[PDB]
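Structure record follows, encoded as structure tokens.
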Amino acid sequence: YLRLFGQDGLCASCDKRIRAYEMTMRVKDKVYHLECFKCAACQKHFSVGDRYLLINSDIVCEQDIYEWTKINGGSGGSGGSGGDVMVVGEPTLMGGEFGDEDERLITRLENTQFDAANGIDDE
Ligand SMILES: [Zn+2]
Ligand SMILES: [Zn+2]
């Protein structure tokens with residue numbers, strides 16, 4: 001096996017290399033671009049905090065979910081449990097180094113001060 005530069009999670013929708021920009025969440029088996037993260041029936045874009053359903057090809061929003069599955073699906077309960085929905089995860093930049101090379105060569109003590117407010121949102 002020969003090594004490759006970049007990412008191994010290509011966009012199964014547009015068949016393009018997911019690198020540098022990407023800014024997407026990790027899906028079940030296949031990874032897709034943010035711009036490519038649109039509905040298969042409405043072609044609309046999804047936002048963080050909303051629940052999405054992954055169809056045979058692309059993502060299908062709750063707006064056309066019933067009518068879409070009704071035409072290309074039907075009836076049939078065969079398999080091993082199926083009825084879960086996932087929320088669109090926030091984008092995480094691949095450009096982030098988290099290492100401690102300075103504390104491994106030289107040992108130094110430092111004092112840090114942080115202020116916390118504490119409080120949750122309801123409305
Ligand atoms: Zn793509
Ligand atoms: Zn839709």
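Identifiers for the structure tokens are assigned positionally: chains receive A, B, ... in sequence, residues are indexed from 1 per chain, and ligands are indexed from 1 in the order shown.
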As a ChimeraX atom specification, which residues of region 33-89 of chain A does DSSP assign to alpha helix (DSSP H)?
/A:65-72
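The list of residues with at least one atom within 8 Å of region 92-94 of chain A, based on only C-alpha atoms and without residues fewer than 2 positions apart in the same chain, reads residues 20, 21, 22, 23, 24, 25, 90 and 96 of chain A.
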For ligand 1, list the contacting residues at 6 Å or closer, counting only C-alpha atoms and all ligand atoms, as a CSV table (one decimal) with N, CA, C and O atoms, in the first residue's frame.
```csv
chain,number,residue,atom,x,y,z
A,11,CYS,N,-16.0,13.1,-0.8
A,11,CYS,CA,-17.4,13.4,-0.9
A,11,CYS,C,-18.1,12.5,-1.9
A,11,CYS,O,-18.0,12.7,-3.1
A,13,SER,N,-21.1,12.5,-2.8
A,13,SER,CA,-22.1,13.1,-3.6
A,13,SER,C,-21.6,13.8,-4.8
A,13,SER,O,-22.1,13.6,-5.9
A,14,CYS,N,-20.5,14.6,-4.7
A,14,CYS,CA,-19.9,15.3,-5.9
A,14,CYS,C,-18.7,14.6,-6.4
A,14,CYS,O,-18.1,15.0,-7.4
A,16,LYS,N,-15.6,14.5,-5.1
A,16,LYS,CA,-14.5,15.4,-5.0
A,16,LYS,C,-13.7,15.1,-3.7
A,16,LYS,O,-14.3,14.8,-2.7
A,32,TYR,N,-19.6,14.0,3.3
A,32,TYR,CA,-20.0,14.9,2.2
A,32,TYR,C,-19.7,16.4,2.6
A,32,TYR,O,-19.7,16.7,3.8
A,33,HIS,N,-19.5,17.2,1.6
A,33,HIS,CA,-19.2,18.6,1.8
A,33,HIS,C,-20.4,19.4,2.3
A,33,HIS,O,-21.5,18.9,2.3
A,36,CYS,N,-22.6,20.5,-0.4
A,36,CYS,CA,-23.2,19.3,-0.9
A,36,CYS,C,-24.2,18.7,0.1
A,36,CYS,O,-24.9,17.7,-0.3
```
Would you mind listing the residues within 6 Å of ligand 2, counting only C-alpha atoms and all ligand atoms, as a PyMOL selection string?
chain A and resi 39+41-42+60-61+63-64
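Between CA of residue 82 (chain A) and CA of residue 58 (chain A) there is a distance of 17.7 Å.
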Contacts of residue 84 (chain A) within 12 Å, only C-alpha atoms, excl. fewer than 2 positions in-chain, as a list in words:
residues 51, 52, 53, 54, 81, 82, 86 and 87 of chain A
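DSSP annotation of region 4-108 of chain A from backbone atoms: strand (DSSP E) residues are residues 51, 52, 53, 54, 59, 60, 86 and 87 of chain A.
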Residue with smallest distance to residue 89 (chain A) - pool A:30, A:48, A:18, A:4, counting only C-alpha atoms:
A:48
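Pairwise distance (CA of residue 91 (chain A), CA of residue 120 (chain A)) equals 22.6 Å.
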Contact residues around residue 31 (chain A) with only C-alpha atoms at 7 Å, ignoring same-chain residues under 2 positions, as a PyMOL selection string
chain A and resi 9-12+26-27+29
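Rounded to one decimal, CA of residue 2 (chain A) and CA of residue 98 (chain A) lie 27.1 Å from each other.
The residue that comes closest to residue 62 (chain A), out of A:5, A:114, A:37, A:46 and on the basis of only C-alpha atoms, is A:46.
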